[PDB]
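Chains as they are written, first to last, in the deposited numbering: chain A, 212 to 255, 261 to 559; chain B, 1 to 281, 293 to 544; chain C, 8 to 102; chain D, 5 to 52; chain E, 16 to 149, 156 to 472; chain F, 256 to 407.
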Amino acid sequence: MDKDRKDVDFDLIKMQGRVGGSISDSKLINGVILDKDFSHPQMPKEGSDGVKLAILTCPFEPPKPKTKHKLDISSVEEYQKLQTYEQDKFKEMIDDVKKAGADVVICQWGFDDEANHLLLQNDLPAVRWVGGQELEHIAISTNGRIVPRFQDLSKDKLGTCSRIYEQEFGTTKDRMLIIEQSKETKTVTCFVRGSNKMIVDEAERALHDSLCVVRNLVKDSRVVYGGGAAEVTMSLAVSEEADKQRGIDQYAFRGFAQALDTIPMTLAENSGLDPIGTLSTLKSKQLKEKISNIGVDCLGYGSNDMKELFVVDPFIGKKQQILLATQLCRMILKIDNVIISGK
Amino acid sequence: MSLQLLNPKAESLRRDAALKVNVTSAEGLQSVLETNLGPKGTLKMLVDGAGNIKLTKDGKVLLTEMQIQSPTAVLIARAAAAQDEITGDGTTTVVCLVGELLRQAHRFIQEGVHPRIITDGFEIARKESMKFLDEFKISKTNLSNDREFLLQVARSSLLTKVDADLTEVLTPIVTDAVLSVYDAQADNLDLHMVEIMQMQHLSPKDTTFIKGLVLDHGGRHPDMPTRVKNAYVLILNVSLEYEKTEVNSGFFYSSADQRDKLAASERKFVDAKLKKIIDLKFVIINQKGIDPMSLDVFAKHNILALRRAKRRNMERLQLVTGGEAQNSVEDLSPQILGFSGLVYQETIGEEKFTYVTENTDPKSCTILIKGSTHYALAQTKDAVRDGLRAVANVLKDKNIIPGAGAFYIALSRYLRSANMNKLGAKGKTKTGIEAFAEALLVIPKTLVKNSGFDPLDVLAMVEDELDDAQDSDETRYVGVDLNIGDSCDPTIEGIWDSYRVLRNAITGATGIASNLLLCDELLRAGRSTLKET
Amino acid sequence: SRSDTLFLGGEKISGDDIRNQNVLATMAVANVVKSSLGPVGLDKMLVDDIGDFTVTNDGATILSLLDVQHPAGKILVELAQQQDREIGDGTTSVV
Amino acid sequence: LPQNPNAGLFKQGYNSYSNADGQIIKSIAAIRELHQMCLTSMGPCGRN
Amino acid sequence: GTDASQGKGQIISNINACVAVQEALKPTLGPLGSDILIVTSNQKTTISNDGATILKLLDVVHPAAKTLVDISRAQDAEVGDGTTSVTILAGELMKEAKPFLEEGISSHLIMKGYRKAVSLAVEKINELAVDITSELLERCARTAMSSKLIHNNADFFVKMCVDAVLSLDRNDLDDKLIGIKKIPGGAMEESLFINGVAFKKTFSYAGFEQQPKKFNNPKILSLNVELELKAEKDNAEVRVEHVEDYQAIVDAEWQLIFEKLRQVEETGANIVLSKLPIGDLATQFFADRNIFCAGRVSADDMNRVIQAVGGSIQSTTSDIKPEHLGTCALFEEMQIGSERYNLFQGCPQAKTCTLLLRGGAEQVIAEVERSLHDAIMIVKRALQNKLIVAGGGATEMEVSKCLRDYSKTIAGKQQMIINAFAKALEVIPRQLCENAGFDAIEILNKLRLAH
Amino acid sequence: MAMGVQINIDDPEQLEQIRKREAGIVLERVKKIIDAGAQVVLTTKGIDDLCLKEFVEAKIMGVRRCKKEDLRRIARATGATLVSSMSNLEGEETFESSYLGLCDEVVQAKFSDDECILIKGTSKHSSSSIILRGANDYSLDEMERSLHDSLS
Ligand SMILES: Nc1ncnc2c1ncn2[C@@H]1O[C@H](COP(=O)(O)OP(=O)(O)O)[C@@H](O)[C@H]1O
Ligand SMILES: Nc1ncnc2c1ncn2[C@@H]1O[C@H](COP(=O)(O)OP(=O)(O)O)[C@H](O)[C@H]1O
Ligand code: BEF
Ligand code: BEF
Ligand code: BEF
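If you want it as structure tokens, here you go:
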């Protein structure tokens, strides 16, 4: 969204994880990555020196009709022809691929086996079974437009690139296709790594957080102070707006003082510090310095300034949380009776 | 030994016992739906055998979504639906009165008044009551066309539950929404012209409805118009995937690889049809999807292509941007046009969503309903649905009528009057008549007493009494104010209800009790072992 | 008690008990093959509960034939077969 | 279908015979079982 | 799930389980080793002394015990005579090597200590070496014959075996080209040894009995083809749009059948052996060529006749060649009484050697070949490796007194290992004496002095 | 027949005119390959009895259905080329002596009731195969474990 201004942003970023390695092994890819392996000696591979990709689409097998196909045989010579003629349609189709000069081919389904041989001596790492709905991402990435049908396969849709990589080193022997680099822009990918698969499905998770946190800044730029600091403010502010409120909404509102105190309390207690301790001392620093930077820092094992210690969270982070817990309580509080029966 | 049959596994709850099992359950469905009426009322969380959770206050919802084995009950549960269909609100009103009225029935039997004699009673009272309801009038068929108060009235209708507290914003959103599809419901075109998308975010407050249908589609190719500016559209429903003539054709190549010509033929036969569309005039929309090839042709011929537009949407798409859902383009374009408004696409709540910023002839519309929990929205849809149906039909029958109990006691006052002439004509049947009133009175008490607990205004005694003393005079006036706990005129207060609604709340009820009192016995033939379990 | 959720068949251990159950579960899969390593170490025989045997001193293959009940133990079995990918030897020791 | 080896000479209920050499190998081990358990017990620096 | 025994507490259960299996083989040794009638499943019932079959049809629960019973066949394949002995040695090898485990420092010091053993012992086992002429092999082939129920006719077999070995006939002789029919009845001395192949194949030519009983100078054609109306390999279907294309098709059938044998008789054939049966039509069209035809011959069988006759098996008769027909002297289908049997022998320089036996019941005969194999094989062992050892347990006692010598001449704590290996080899002859005692023990020290 | 390519005949009387033609095209390819060298043939799918006689008479060692993971490593050392389909460009039969390999000996050895074919010497000198030998499978297998774990 750079140079595009602030906007609600959806992640097109793709993070794929190989179970081999430790956390740190994972790295950003200056280009594209694909989960599918090469054609392997199926077949003859990576990486065509300088490369030119292709988003090949549709079937690739011997010309078969989407209607009833029955090449009946009545004579006694059309055998040779049928078998010879097939080698033609499946050859030409291949020839054109190289004709335009795109180095690589990419087909989702119904491809051909015999045709792989003709491809073998052509130096194109044909890759099959690539995500059926993805073609979108793959395109904007490798800059190569999608190619539907066989006649079109033009030199236009060729993905101007410089190298294709199919590595297998480093635990585990399992390999992944790397593509770099493409002239186009707007697509970024990262490959995760960690043992047990636990660390993958968690290092990955620990990103949809880091990432989303940033799109919180894109969706609504602003940052408060963490360490329960943001929460503490309410205990002070909201409390005053209750004294001069009178009626019954003084105790109800005082309830939001009784409430927000949890975040700092559990935050601090989860470290071993006295929930009473830091809280009390937060009340002071809160009233004294308008809770502007003060809070609880686990590292500091005390009560320093959240901002001073670079402890930052999006303004949406803690604001879109309250709005929920409240509108939620409402729902729950509206409940008076629970009965059961097949919906 | 006897047998004595009859048959085993069957039982005859007869006579008074039948009278019991009959009455004794009708009001069973009372304590269940008692909570729903009154802005001060509360909702119910329903679970099932599939481990699911529903927490909504609608009655058709708490009666259809219930398990019941006493005929009368299921019967009134049945009457609950009748409403939800023919009108948005009043299902809850239909039961509470249905039951309470039937409660007053099992009561006259303490006096020994034959049931047929009470059908006779309730019958007079029933029509005699609806009568005065007709007499109120107050319809805004004529200008001031604005009839904003009536729209305000639906909101008054939807007050309570969860949605009502927030606003006051819904009526404006529904009102406008209906007003677009207003002319639409009159035509027999259902409410399906309005679509509701759950993209939960923020609070049920932030939820809003954007002019110009929203759709969850594309744009399924990168080399495609992210947004279409001013461009015209085309609503279509032809086959793009099967790509087969509607004939029993089986291409058989007696030659060696003649398929190479046929497999290219049909692969081009689509290009021909594809070229008419290229022919006009730009974006394409079509129910049946567009296979990877054909759709990738538009993409290169500068034509944003939108596939898999659900039947609802294609009809909806016709409604907004006035288009014709025409497939055949071999004649194009006689009586075949597709107006449009800029079609910028915008994601909401992490979900892709294309909506048209600019458009014309909006006889339909989508309305997003953000929220806090999936459970919450499920209940907002019902609330919008209820109140959205009310307003809908009210625009079909302009007859208005004041809410808050006014309409009810107005019926009750007018009733007891003829009624207290009812004994005279002819005596005992009168009590039945008189009794009928007690019902419409009682629903109001339930509304505040047992349901309008707070603010602390709830007295069954005082409130009701205030209306009768202060309600005969106000003929259709003096309603209630379950907010402050006073008797205040609704009319100055925006307490406006639909005539159709508050009419049927009785028509149903009256028709229900009648056939129920006709019950002498009731029989059943077991189907499951036991099952006392 | 509780109510919490959800039983039966669904349970949870807390703090100490887990941190222990985890350590026990690890010393388990560990202490079995703690004899293997070192020249002074020996081999073992695993029975296919159908008579069939298999003599081996390899730690990786030996842990595979164990069955690895529990998350903590199987986690080590997973760490084992990682070592072969890095190297090929020392699976017996890494655990 | 068969087969089954009959019983050479019968007797009452059940009884256990033991060829002498075999028994000596077999019973000399039984003996040997309680040996390794009594070894560690004898002497001061031992075990209980 | 289950427990596990570890440490010495288990190390033992491994050893004593080993000794356990050998205990059931002590009787079997050459001298008076008595046959063991072992009833097995399904309904199998065998009887003999051949270790790798007396143990084979004997299942064992324990791991160690399962490793031993494996060495039995692990050995029989390699040489094929050390069946009974290898088990008896392997076992006793641990018994006299056990008390050096606990009293010994470790189980690994004993490992290295065993290498210096097998190395030295194999050496001493080479010192007592004899040279095979390659007639005189009949001298060694006698020994394999001697233990089992072949002694009664030790002579008759030794020849019947070195002869079968003699026919093939390659640097390496594969007994896969040496069939062994086993006819019941007659006399054990009636076990001829044809120089061709014997077949249970009844009166060939199932059409009629016309085909010759036997033919002098037969020119054979062995085929793997079907010799019957071939069906379209490519799934084809017929469409009779005509009115009488039905009769013409019916003809196309009998046609190809004739065209089939037509090009097969061109090789002047007078007898054909087809792996597959032949259609009655093609059974007649060639029958008029006075040529015999036997079908249903086994895949392996038509390979024995492939060397005997001399003709090469060929498919698709169209491309038949003169180098496919063979030269064998005769084919006479003599009846074995009630049951037929087609014999085929002769041909110069022919590898195949089918040695039909005789004697008693099918079971008696079995144990005959069972031990016959021990003979046939024992001669190849000596033929592929022309050198022999001083048997009678002498060779054993030798490496025993030799290692024993190395014992004292060793300075180390692992001395108690080499020792064990030695003491255990003395036991090899031990039973030889114990099987013919009393008594084995006194004679022991006798050999120690002599060696 | 190629699937989907049914065979319905008429009027002939030609069911035989192509029956053999089905086999002919097979042998025609078999010979086309045998005519370039054919000292030893190693397929992965396998040779047929009616197509072995042809590779047999020529005294060409043929192995029915080999390990695909092998014929690769083998061909990589003998300089040969593990051929996939017969056709090489169009139109081609085909085979070229430039496809065959370069070794010294192709002898089928023996190892106790079993025999395997070896391939000694190669154009590129990169071929190694260690054939263990011990008492029982119980050990000969574990001996390999120490191998796979030591080679690494
Ligand atoms: N704003 C209001 N204040 C007091 N009473 C109201 C108000 N709005 C509606 N009522 C009346 O209170 C009752 C309950 O609301 P209702 O429209 O019946 O919801 P539902 O029928 O779906 O349960 C009715 O008699 C109704 O008309
Ligand atoms: N009469 C004998 N005295 C001593 N050793 C013999 C005698 N006969 C054979 N042997 C040797 O002892 C060997 C070991 O026995 P083996 O052949 O394996 O089973 P078995 O002796 O029961 O047939 C051989 O039989 C043979 O080489
Ligand atoms: F029951 Be209503 F819809 F509130
Ligand atoms: F078993 Be070893 F460590 F590979
Ligand atoms: F067992 Be012996 F070799 F016949």
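Using N, Cα and C, we set each Cβ at its ideal position, and we do this for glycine too.
CB contact below 8 Å: residue i versus chain C
| i | result |
| --- | --- |
| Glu397(F) | yes |
| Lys131(E) | no |
| residue 410(F) | Shown here, chain F extends from 256 to 407; a query on residue 410(F) therefore has no answer. |
C-alpha distance - residue i paired with residue j, whole-angstrom precision
| i | j | result |
| --- | --- | --- |
| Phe366(A) | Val84(C) | 50 Å |
| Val361(F) | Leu470(E) | 53 Å |
| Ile449(E) | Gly119(E) | 25 Å |
| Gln272(F) | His345(E) | 26 Å |
| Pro46(E) | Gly413(E) | 10 Å |
| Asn391(F) | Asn216(E) | 38 Å |
Amino acids of chain F, ordered along the chain, whose beta-carbon sits closer than 7 Å to that of residue i
| i | result |
| --- | --- |
| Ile94(C) | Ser407 |
Beta-carbon neighbours of residue i, restricted to chain C and to distances below 8 Å
| i | result |
| --- | --- |
| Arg388(F) | Within chain C, no residue comes near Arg388(F); the closest Cβ sits about 17 Å away, beyond 8 Å. |
| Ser383(F) | The premise fails here: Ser383(F) is roughly 17 Å from chain C at the closest Cβ pair, so nothing lies under 8 Å. |
Within chain C, the residues that residue i reaches when beta carbons sit closer than 9 Å
| i | result |
| --- | --- |
| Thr388(A) | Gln88, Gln89, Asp91, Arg92, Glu93 |
Opposing strand residues paired with residue i [DSSP bridges]
| i | result |
| --- | --- |
| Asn338(A) | In the DSSP output, where bridge partners are listed per residue, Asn338(A) has none listed. |
| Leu534(B) | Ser12(B) |
| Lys238(A) | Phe407(A) |
| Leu294(E) | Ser243(E), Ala315(E) |
| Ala316(B) | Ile295(B) |
| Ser156(B) | DSSP output for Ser156(B) lists no bridge partner at all. |
Partner residues on chain E for residue i, Cβ-Cβ distance less than 9 Å
| i | result |
| --- | --- |
| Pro78(C) | Near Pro78(C) there are no residues of chain E at all, since even the closest Cβ is about 17 Å away, more than 9 Å. |
Short CB-CB distance (under 8 Å) between residue i and chain A
| i | result |
| --- | --- |
| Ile288(F) | no |
| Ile82(C) | yes |
7 Å Cβ cut-off: residues of chain A touching residue i
| i | result |
| --- | --- |
| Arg259(B) | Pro279, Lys280, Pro281, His285, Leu287 |
| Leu262(B) | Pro281 |
| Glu85(C) | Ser411, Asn412 |
Beta carbon proximity, residue i to chain E, threshold 8 Å
| i | result |
| --- | --- |
| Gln261(F) | yes |
| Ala11(D) | no |
Partner residues on chain C for residue i, Cβ-Cβ distance less than 7 Å
| i | result |
| --- | --- |
| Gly231(A) | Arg92 |
| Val76(E) | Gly58 |
Contact list for residue i against chain E, beta-carbon separation under 8 Å
| i | result |
| --- | --- |
| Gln7(D) | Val54, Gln58, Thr60 |
| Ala33(D) | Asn31 |
Test: residue i CB closer than 8 Å to a CB of chain F
| i | result |
| --- | --- |
| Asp65(C) | yes |
Partner residues on chain B for residue i, Cβ-Cβ distance less than 9 Å
| i | result |
| --- | --- |
| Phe221(A) | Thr358, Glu361, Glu362, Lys363 |
Per-residue contacts from residue i into chain E (C-beta, under 7 Å)
| i | result |
| --- | --- |
| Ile315(F) | Residues of chain E passing the Cβ test: none, with the nearest at roughly 13 Å. |
- prompt: What residues does ligand 4 have around it, judged by CB closer than 6 Å to any heavy atom, in chain order?
  reply: Result (chain order): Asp65(C), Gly66(C), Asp96(C), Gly97(C), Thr98(C), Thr99(C), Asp404(F).
- prompt: Can you list, in chain order, every residue whose CB sits closer than 5 Å to a heavy atom of ligand 3?
  reply: Those residues, listed in chain order, are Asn36(B), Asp58(B), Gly59(B), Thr92(B), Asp397(B).
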